[PDB]
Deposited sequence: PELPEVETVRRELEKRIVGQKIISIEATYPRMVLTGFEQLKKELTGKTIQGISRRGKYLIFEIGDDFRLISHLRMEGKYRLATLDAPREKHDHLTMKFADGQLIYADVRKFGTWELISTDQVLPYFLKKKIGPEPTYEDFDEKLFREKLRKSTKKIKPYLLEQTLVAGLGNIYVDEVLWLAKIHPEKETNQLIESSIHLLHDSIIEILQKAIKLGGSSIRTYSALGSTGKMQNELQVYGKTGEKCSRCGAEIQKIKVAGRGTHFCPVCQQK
């Protein structure tokens, strides 16, 4: 999932599990709890969920006043709310049991992570990872964005994927964003002119906010509609609606990359 998918999950969880006391926590794959499963079980059992927040692609469970559970779904992580007698499925790894249901985390590839962080260490946690601003008009300052692009010789797609210029883009939405902003994914950022950076900035915000509104692209959050609106991602050889031009797929910095050459020249 990327930011819109994580936000969709956040919103559904917020509706269902806020106010709920954690009765027990169980793991079949404790190794995904990077801060230590025993510690997390001991600290969180019997606590009440106060809220669910998000920073970039990270889910943040607010559990009691003094702890947060930071969850990353990485490539394939999925949450679901199930009855207490629900059978185990093959790639289920963790469950948070309540009095009247349970929250189960599953992840085929086992990439997703849980970290128990004290409340006053949440802002330092994200500072240490150098996560950039949220993709909103209020938080995403174009002026700083422009200065960082000017000072780098990185290619724009991998630099956007680093999460440092702005938080939340992954492979799908960065491809969508660059098509919308008419920018080549291998464009060196210090070659971008001011008007292109402005369109890029606005496009990042517009695409991600649209995806959030449509419930992401497609367990919780599996009812998304953004997939119907994708212009280039996963559409190799299909039309760009531009006079017969077709989407090409190339590899950029190790990632599958979908773009429309005629639209996205350097």
Gaps relative to the deposited sequence fall at 219 to 223
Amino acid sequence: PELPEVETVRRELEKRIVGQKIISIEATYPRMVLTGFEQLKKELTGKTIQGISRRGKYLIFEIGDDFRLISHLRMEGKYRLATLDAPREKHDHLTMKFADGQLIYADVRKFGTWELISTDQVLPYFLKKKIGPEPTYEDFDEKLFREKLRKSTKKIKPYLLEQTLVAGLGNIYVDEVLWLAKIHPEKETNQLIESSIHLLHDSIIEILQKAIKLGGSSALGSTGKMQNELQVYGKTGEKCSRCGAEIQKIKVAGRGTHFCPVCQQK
From here on, numbers count along this sequence of modelled residues.
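Throughout, rigid core stands for the largest set of C-alpha atoms superposing within 1.5 Å between the two forms.
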With the rigid core held as the alignment frame, decide whether 234 to 242 or 33 to 41 lies farther from the shown form in 5 other deposited structures of this protein, in terms of RMS C-alpha distance. 234 to 242
On mean Cα temperature factor in this entry, is 239 to 247 or 15 to 23 the higher one? 239 to 247
Taking the mean of the C-alpha B-factors per stretch from the entry, tell me the winner out of 220 to 228 and 41 to 49. 220 to 228
Could you tell me which one of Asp175, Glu194, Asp107, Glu134 shows the highest CA temperature factor in the PDB record? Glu194
Between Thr164, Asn171, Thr153, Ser71, which one tops the list for Cα B-factor in this entry? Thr153
Lowest, middle or highest third: where is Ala99 by Cα B-factor in its chain? middle
Taking the chain's C-alpha temperature factors as the reference, tell me which third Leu214 falls into: lowest, middle or highest. highest
By the record's CA B-factor, is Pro87 among the lowest, middle or highest third of residues in the chain? highest
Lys143, C-alpha B-factor rank within chain (lowest, middle or highest third): middle
If you rank every modelled residue in this chain by C-alpha B factor, which third holds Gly56: lowest, middle or highest? lowest
